[PDB]
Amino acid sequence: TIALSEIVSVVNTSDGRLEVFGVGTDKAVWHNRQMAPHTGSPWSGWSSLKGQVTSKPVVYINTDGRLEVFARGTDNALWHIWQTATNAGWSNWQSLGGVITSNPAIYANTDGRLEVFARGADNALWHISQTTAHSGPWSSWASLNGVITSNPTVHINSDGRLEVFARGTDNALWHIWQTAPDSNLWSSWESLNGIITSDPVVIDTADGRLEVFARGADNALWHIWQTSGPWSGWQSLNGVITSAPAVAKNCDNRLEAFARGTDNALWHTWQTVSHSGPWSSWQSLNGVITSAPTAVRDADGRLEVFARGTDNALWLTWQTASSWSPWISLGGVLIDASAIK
């Protein structure tokens, strides 16, 4: 098992608007969109992209600005749906086949080819890629092996090499990386040790280093980062958290971590002064939440945070000059469809 998951996938669109993707009681993917590229923008309200999903639905933006949403189907295949033109209409759901046992994890290669990662029936990591930039057809599936006990997460190195992180059977953080950008050449799995009780979250720093966040054995927030040299040790950011963490960059590149606390309110800790700076003490953004928070930077360079409420609606709070906005409701009824819990 893992700390309570994020309930939505969120993206900044090609035209600077937040769009969120979640799952209803009907197992359909639902979609909510800012009208305008600004903090406090009116929202579309929830509309259905349909389908029937047995994972968290994960949106990624193609290098041509077209959104594409990936989800496990009821047949355990990888399914996807995409915009046919930038911020226009959607395709039908189409199958990329395979059998997967995790939420999908997506990144664009430096050549614009999307590559999707998911656990398989053998509990190994499997991957499939676009054969050409922002387009089908897709490659055959293949395995990157290993044995994983969490949803996988992928990011890109500052040199364009994809890198995947996942919990192993010993509950350590393990990783594997491309040896060259755009490559089918990968490293062996390597252990970053520690003991993690959440899905790992990965982000690139202002200075092009991967930094990984996860809940530890002691239910504190831990992190570890790249220094072609080795990783740091695991370091505690303290706190006591009851969900997966979420991490986003402020527009000045200061990292900021969010998680549900023991009082089921939203808590956050941030780098102070600069992206090189020391982390703040944990502070409360209130609310009562029934999901991990989901954090994203909007087109005004402000953080916005989404979480499911006691009513199972999605609620939203954002940064102001002085503080954070009171929680507002975007309505809907959201379920946690995470293929791993």
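In case it trips you up, residue 1 is the first one in the sequence shown, and so on. We call the rigid core whatever largest set of C-alpha positions still superposes within 1.5 Å between the two forms.
- Rigid core superposition in 8 other deposited structures of this protein puts the Cα atoms of one stretch, out of 110-118 and 86-94, farther from the shown form on average, and that stretch is 86-94.
- In the deposited entry, the stretch joining residue 92 to residue 93 is continuous, with no residue of the deposited sequence left without coordinates.
- Mean CA temperature factor is higher for 279-287 when stretches 279-287 and 46-54 are set side by side in the entry.
- Looking at mean Cα B-factors across 77-85 and 258-266, the upper value is held by 258-266.
- Which of 102, 153, 219, 130 has the largest Cα B-factor in the deposited entry comes down to 219.
- Of the candidates 27, 297, 38, 66, the one whose C-alpha carries the top B factor in the deposited record is 27.
- Per the deposited record, the Cα B-factor of residue 323 falls in the highest third when ranked against the other modelled residues of its chain.
- Placement of the Cα temperature factor of residue 9 within the chain: lowest third of the modelled residues, per the deposited record.
- In the PDB entry, a CA B factor belonging to the lowest third of its chain's modelled residues is recorded for residue 126.
- Residue 333: CA B factor lies in the highest third for its chain, per the PDB record.
- In the deposited entry, the Cα temperature factor of residue 149 sits in the middle third of values across the chain's modelled residues.
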